[PDB]
Each structure stands twice: as C-alpha cells, then as structure tokens.
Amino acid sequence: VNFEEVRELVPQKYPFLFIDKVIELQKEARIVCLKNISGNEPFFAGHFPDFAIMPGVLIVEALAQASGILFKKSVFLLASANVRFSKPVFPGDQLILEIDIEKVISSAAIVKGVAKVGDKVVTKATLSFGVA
C-alpha cells in the first residue's frame, strides 16, 4: 500500500500523519508499515534544537496509525498505551512498525506494537482502542 492509498485510509493528515507505506498485511492478524524519518519533518526543529531525536510519543502515534490501517482493511481512538522506549530514532532511520492483534471485539481492540530500525527494536507497546 503506497502513500496515496495510506493518505485515504488514515484520517490523520500533515503534519500528523506518520505512515509512509504498508509493507505487509495479514487481515485480522498483523500489519507492517514503514515510516521514513526525515530531518525535514517539522517536529525536529522543536525536539530538540541542539539535537534532533524522534519524540517517543510520535512513535506511539505511528504505531496507533499503523493499527488503524490494519483495522480498516480487516473512528478509532487510542484508549490506552503501555509503552517502553528502548532506543532513540534519528533522521535517516527507516522506522518499521509491526502490529499484532491481541483481541478484537465489536467495541475495542488490543494490539501489541513493535517499532524497529533495521532489526533492532526501538519501541515496544501494548495499545488499546475504542470505537468513537
């Protein structure tokens, strides 16, 4: 799934759309998305002036947006997140977002999310969503 289709599937848009492509999709089970990290993204100017580092909370948003694509291809709001920020992410990194569905019911979903650069895990999370 390329960016033009991602734009349609993800309700977020610039400057808060943090998916570039879908790499792998197993409906009702798992998705793998790609987000390129670029020094020309607007948030880097503020985090931090002396040192550009991807904010951990935006990796969480990227994992949430990847999940939403998985849900739509199988209004969701993030309801909870339990997240470990293991390693920093920098301009020039390719961020791989892997979502596995834990449990989906009519009203909610719980997923496990892993963000990777290369095959080093930089962020791990459990997320839940409520329909709204």
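Numbers for residues come from their place in the sequence shown, where the first is 1.
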Out of 116-124 and 11-19, which stretch has the higher average CA B-factor listed in the record?
116-124
Decide which of the stretches 97-105 and 56-64 has the higher mean C-alpha B-factor, going by the entry.
97-105
Per the coordinate record, which of the options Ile37, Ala45, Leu77, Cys33 holds the highest CA temperature factor?
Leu77
Could you place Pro88 in the lowest, middle or highest third of its chain by Cα temperature factor, using the values in the record?
middle
